[PDB]
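Chemist: Give me a model of this one.
(10 chains, ligands or ions: 1)
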Amino acid sequence: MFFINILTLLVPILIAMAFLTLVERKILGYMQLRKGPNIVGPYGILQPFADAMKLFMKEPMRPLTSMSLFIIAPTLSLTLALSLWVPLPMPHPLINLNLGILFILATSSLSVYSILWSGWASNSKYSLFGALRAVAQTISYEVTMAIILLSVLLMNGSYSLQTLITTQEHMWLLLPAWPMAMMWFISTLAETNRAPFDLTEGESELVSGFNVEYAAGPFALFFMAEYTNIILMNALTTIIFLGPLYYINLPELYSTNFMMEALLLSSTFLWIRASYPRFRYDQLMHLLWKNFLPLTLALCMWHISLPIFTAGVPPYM
Amino acid sequence: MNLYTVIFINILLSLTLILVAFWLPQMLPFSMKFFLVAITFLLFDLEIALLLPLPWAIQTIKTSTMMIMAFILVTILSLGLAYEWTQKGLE
Amino acid sequence: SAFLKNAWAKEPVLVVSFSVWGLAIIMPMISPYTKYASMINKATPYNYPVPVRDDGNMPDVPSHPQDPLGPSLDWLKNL
Amino acid sequence: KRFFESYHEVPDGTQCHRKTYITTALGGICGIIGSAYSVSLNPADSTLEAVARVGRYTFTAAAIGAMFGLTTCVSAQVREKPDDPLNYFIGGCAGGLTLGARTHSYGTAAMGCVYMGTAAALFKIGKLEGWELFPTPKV
Amino acid sequence: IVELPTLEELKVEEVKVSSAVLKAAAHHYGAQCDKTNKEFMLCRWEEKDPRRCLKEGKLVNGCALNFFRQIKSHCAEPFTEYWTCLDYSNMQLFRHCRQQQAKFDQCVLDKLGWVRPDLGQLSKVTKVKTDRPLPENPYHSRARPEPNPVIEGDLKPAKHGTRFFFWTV
Amino acid sequence: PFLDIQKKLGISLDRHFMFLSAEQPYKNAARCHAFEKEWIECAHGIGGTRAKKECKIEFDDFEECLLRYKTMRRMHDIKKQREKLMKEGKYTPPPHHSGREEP
Amino acid sequence: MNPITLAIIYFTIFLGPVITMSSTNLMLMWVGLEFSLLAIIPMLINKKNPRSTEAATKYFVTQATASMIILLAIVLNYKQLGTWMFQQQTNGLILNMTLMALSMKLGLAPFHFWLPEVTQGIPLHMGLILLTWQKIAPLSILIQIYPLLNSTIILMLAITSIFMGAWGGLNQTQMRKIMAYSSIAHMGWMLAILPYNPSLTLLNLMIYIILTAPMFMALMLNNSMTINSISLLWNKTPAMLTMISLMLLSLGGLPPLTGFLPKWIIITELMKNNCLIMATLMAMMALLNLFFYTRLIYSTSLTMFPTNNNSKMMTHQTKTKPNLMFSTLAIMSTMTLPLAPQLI
Amino acid sequence: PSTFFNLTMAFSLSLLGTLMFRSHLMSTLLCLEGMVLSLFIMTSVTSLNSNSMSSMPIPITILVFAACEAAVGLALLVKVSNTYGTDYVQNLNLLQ
Amino acid sequence: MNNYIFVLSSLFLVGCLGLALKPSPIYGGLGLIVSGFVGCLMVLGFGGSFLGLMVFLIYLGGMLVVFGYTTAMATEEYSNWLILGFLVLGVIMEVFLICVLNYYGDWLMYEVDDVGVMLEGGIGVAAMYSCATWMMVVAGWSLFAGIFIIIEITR
Amino acid sequence: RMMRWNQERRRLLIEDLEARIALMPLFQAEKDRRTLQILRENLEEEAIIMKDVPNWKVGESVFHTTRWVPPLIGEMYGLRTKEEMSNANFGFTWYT
Ligand SMILES: CCCCCCCCCCCCCCCCCC(=O)OC[C@H](COP(=O)(O)OCCN)OC(=O)CCCCCCCCCCCCCCCCC
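Modeler: Residues are numbered from 1 along each chain as shown, chains lettered A, B, ... in the order given. I have put the structure below:
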């Protein structure tokens, strides 16, 4: 069985990953007074499969670049994204990593290597700058990203994502800790290099440094990775802060509710992209080492004291 | 093992895709300012590592101590950050 | 005070930032519950309570813990 | 190590073969170490040049080792005196002379003879009088 | 040698019921049968060796089996319903099943006369006077060395003074 | 140590945790706790020069609880020769090695 | 330096040795060593001259690898004895590592190459701290573990240092490096008696500190890093010529002055312990150290080197005075010998 | 067991590295770190199989001090390729 | 597979071998990353979780990340193949040495408390806040000073 | 709400910890009983494995003390099936 449970939890996500690009190229469209892709297939449903096949068929250009690293970075990217979905605590999570959140944090950090190495391997000036810019923003947003989680955990009692289903049986962790949700949402927008924070492949400012030289199959794999992440991080928002209803008798309700909230917050970063111009590099980092990091540090204290002075220490189960 | 099984499928799925990609289509910066930020990162990362143990410290019978200790950790590092600002190091 | 005001309206994060820093440095000191944390966590029975030799003159819980003598957590109950 | 020590076990002036062999090794060992420091610092120009210097120092040192061993042992047999420190001095005397030659300098042979021989003689006395070097703390 | 006890010495009837069964009756077993257990604990602690409390362990087991035989005889059905629901949960959490727990608890109070121990009152340390001899010299402690002797007396100005090279001092 | 500002001040910031038998968190004794005690209550009042010869039984044992090398050795021998007995078909694991058992 | 930073650093450079000395848990002794390494590096590059960056980058790599080796010894011990501290039972190789490592941080013998070079590129002031308040820490660790270390190695590092220090000094003309070389030598005597009578190490150090601290504040009074520079002392400030003369001969072992006592009692203790081989050779080349000390004497005092007209200008202006410490540490050093019995 | 001899030799192989520069300061600062990892792994390993929980603080104190140690090391490195345009050690030969 | 542990140790050794060969600073950083990964694996193998994570979120995290960053800046110029060759040379020699003792996972998890409820890695290190309160004060001072040391050394 | 919920959650936690507190006595006996069996069973095979070996005390405490030193995991399952040993060794790290 366990193998079947690996197909499910993977394929299903990959098929959904494909349908996100479509729901991105249509929701951005209707917001901009245009139908979006509806001519290939019925209502554009076959559109994601179509360019996948074009991308893989087109020549994988190997610039005259460190081959090993050039090819590895894509592999790492996809590997990490698909891996980060293993311990997610949808009911009866695939793998009850006791320290799951730490695992999520860890793999999320490793991704940075891909962009960095890709730029270095590409050997193009645009790519180099992209990597440097990317690593800096990525790691920095990791520093507030991690502290925001530590505040959460201390009110959950453990690192296991499964505990929050029992922590959020009466109220979402948004009510409490909303100030961090916002700061988790903005950090989730940075770490998936989505729009407001997409200086990694600004295209206009610098031309897609990450994949300047990447085309065809390598382009696709990161590509796939980004979008799967886009979902995963949104899904982590939908477990950590927006806690879906859960009933031991009926475990499905959780998944269904998890679906609805994940799709809406996934819809939100699509909506954010069309709605906002892109932050500058300096502006981006300032916001995090300056506008947020002081906010995130202080609340950490408040969340350390809160349990004690409220004698609300959580069970360690 | 269960994790090992999942992960190797994960790498296999990727490596399969890159290969298909290649096999199917047969037919000097001066980031000094950054440098500084990077170092602070290293430092802050380490603090965070010293703040990670809290989830179990919250359980310490010596709750007060934990509070004082923890509060100090965050506060002291906060000061370090502020200094960066005061000395205008980061700016 | 005046700067405080503008600070509340300009650079209104630090203000909030510090305010919290303090409020977390105060609530613990004044709280009808602060004491409970060290108790509630103290009480949790993680390790087995090894028995004691009933040598004599023992005011401890008399054998069956259901006996009246001994510590109680009714404070935890109805808390 | 049981080896080097053997030099001392058999009475001096006897079994010169083993004496000379042992003495030659010690010199050679010192040669290697000495060349090593000489190559690590004050490096050479080409690997070969340095391999040569190792050889030069090793052989020179091995030679001083041999003649010391040979002269002292033989001086003993001939003189029919096995514990006369002078034996060693003659040996050290010779050893210095080899060094002098390998450095192509009569003067060095002078200092070499006196200084080196004296040192060796003192070794003999040291052994004869049971002098202790690098002693354990016994306060 | 090792003086490992023989099998016949360590063969005794076994409880062998699913852990779930125990957790459901845990509270009551902590109630009806802690006399012998506490004593066994005392032995196993002060006397470090296990061989030194094996027999007590046999007594430990005997006390529970009948505990079960009583419940099997009376209010078996309630208990059966309570454990089955308790077992389904992955961490066999007690709160998912409270309706089944109430009927199981009320009945045995009604028939067996036992009582579910109120929150706590099981964690509290117990006093059991094991008639076994409180052991000594455990860990075959053996022997200790003699403290260096003590120089005794009172100080008197040093003799002839600092005796350093030519210093009348 | 060189300057005992700790004993003098009475503080114990560095002594409470220097050996395995010291207080363990949540009173969970560490391994080997049965010997180090026996090997330091022995060498207490007797200086080292004489904690090194007569209190050698307790270190030779504590050197074996921790390292646990003599055991490794004995067992390894048992393994090797058992291989030789199996080699001579003399021995093969019984159901003792593989069988059902008490809780 | 923002005076706040100056405080944090200086506190660390001072908390560094003090934690080492006070603690018994070796680990805490290691971090005391680590804090000293971190605190000293900022001060070393204060001028930020091209020579300085070289100095610090060497000092740091030499200090860092030695620090890692000391930690490895503590980590290994932890497995050979659960204790976090060296004991009678400690494997001999475990202790020898600590000797080599600690002899690198202190810079003794075949690891004496970093010190002369870092002493050359750092200011005279930070030179003193790098020579004397950074030797206290490692030596403390050794003195604590003396009962266990090897008599053979120490002696070899001791003798080597004496020789290297002496020979190196003979050629040097830069003062900073003459002192660096002397320190290597004195450091050698200190480590020679450690296995036998640690209490004398603490005398051969204090006296070295009470001798070197006045000597350096003398070199900087006129900030002369050259002998030629110190030779014109007679014009810049004539009085210090008298005591500079005695302190340098005191640094070497000449008998009336305080400097003889450390060598005399170390020789007495080594002969008491029977090293009359080792002690003799050490004392003999110790005499080489005085030769280069007296060569400086010649240039600075006994003979008057020619000076520059522009010097008359520096005379006119009032000379900023030497701190009081100079005097109190010059006299207690040049002449306390009549009070030796109590000192030991 | 043997696990420890591999880690120990790893530290010696890292030792041989830091003591034999190859024209790259960065690489060295990177080797130096290889030790700290080996020390951290060995300290954690024995603490874990001695069940000595009172000592786990150390495995981390080792890393915290080692990180800053490295921070200082890299700032010196950046200082060097600001004064000489390279991290190459040969450049560091002015103090002769 | 009892050999699991030995296998890991070997990988770690090999990785440190590469770092020892001192390849391009970036190659070195990569190698260490692999070793650090091996390291957390081994620690976890014994049972320590929090401990294993740390090296990951610290070494496999920024520790090499900044190195990486750093190198980009100060390491510009790319025999690595020859280095790779020597690496294989070392590998076989390494293997040869183990084969030496070959002619001449038995005991891990040496001792365990089968029933236990508050034993787990991290709890012990959590005692930095209680009964080990001098480790973390000195570490905090280390960081608070290091801020200042780096800001002037860069200044 | 969070304050009240965790206070309730804490009450449930103390309840089930105490539930084992009550049940461990039954398990402790069980463990020891079974543990000894494994040691003894290994004794039988022990008394049949190195019998031929000269100078072979069937078994003897690696130590001198007669104190009861608990059996390492290896000792208990070392001679036994590989899987058995592996299970114990790598059987928790690998979840259910
Ligand atoms: C008392 C106990 C302790 C608790 C105390 C609580 C006090 C009240 C709460 C205070 C803080 C509330 C807000 C927290 C998040 C915002 C933090 C912040 O300060 O914003 C920084 C930045 C705006 O900064 P800027 O305009 O540049 O000016 C800075 C002036 N100092 O922000 C930005 O620029 C963000 C840019 C975002 C671009 C994309 C925007 C997307 C908007 C739609 C999504 C919003 C988030 C949705 C989250 C859903 C749930 C996860």
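Chemist: I'd assumed residue G:233 was in contact with residue G:222.
Modeler: Yes. Under the criterion of CB atoms under 8 Å, residue G:222 makes contact with residue G:233 at 6.2 Å. For every residue, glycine as well, the C-beta is placed using N, CA and C.
Chemist: Comparing the two, which shows the higher neighbour count?
Modeler: residue G:233 (24 against 16; other CB atoms under 10 Å in any protein chain shown).
Chemist: for that one, what are its contacts?
Modeler: Contact partners of residue G:233, counting by CB atoms under 8 Å, 6 or more residues apart in numbering or on different chains, are G:222, G:224, G:240, G:241, G:244, G:300, G:301.
Chemist: Tell me how far it lies from residue G:307.
Modeler: As judged by CB to CB, to the nearest Å, residue G:233 and residue G:307 stand 10 Å apart.
Chemist: just residue B:81 next, same as before
Modeler: 55 Å.
Chemist: what about these two, which has more around it?
Modeler: A side-by-side neighbour count of residue B:81 and residue G:307, using other CB under 10 Å, places residue B:81 first with 20 against 16.
Chemist: Pull the contacting residues for that one.
Modeler: Residue B:81 neighbours (CB under 8 Å, 6+ apart): A:289, A:293, A:294, A:297, B:40, B:44.
Chemist: check which helix or strand covers the last one.
Modeler: So the one you mean is residue B:44. Taking DSSP states H and E as the criterion, residue B:44 maps to helix B:32-51.
Chemist: Does chain G have contacts with that helix?
Modeler: No. Using CB under 8 Å from any CB of the partner chain, helix B:32-51 stays clear of chain G, coming no nearer than 12.5 Å.
Chemist: do that helix and chain A meet?
Modeler: Yes. Helix B:32-51 reaches chain A (CB under 8 Å from any CB) through B:34, B:37, B:38, B:40, B:41, B:44, B:45, B:48, B:51.
Chemist: circling back to that earlier point, out of the contacts of residue G:233, which sit inside strands?
Modeler: Nothing among those maps onto strands, per DSSP state E.
Chemist: for the residues you listed, which one is nearest residue I:31?
Modeler: Distance to residue I:31, by CB to CB, is smallest for residue G:224 among the contacts of residue G:233, at 49.8 Å.
Chemist: can I assume that closest one is in contact with residue G:240?
Modeler: No. Here residue G:224 does not reach residue G:240: they are 11.0 Å apart, not a contact under CB under 8 Å.
Chemist: which one of the two has more residues nearby?
Modeler: More crowded of residue G:224 and residue G:240, by other CB under 10 Å: residue G:240, with 23 against 19.
Chemist: Enumerate every residue touching residue A:227.
Modeler: A:17, A:20, A:21.
Chemist: now the second one, nearest residue through space, not along the chain?
Modeler: Just to be clear, that refers to residue A:20. Nearest non-adjacent residue to residue A:20, counting by CB to CB, 6 or more residues apart in numbering or on different chains: residue A:227, 5.2 Å away.
Chemist: quick one: what helix or strand has that neighbour in it?
Modeler: Going by DSSP H and E, residue A:227 is part of helix A:217-240.
Chemist: near the ligand, anything from that helix?
Modeler: Yes. With CB under 6 Å from any ligand atom as the measure, helix A:217-240 is seen reaching the ligand through residue A:237.
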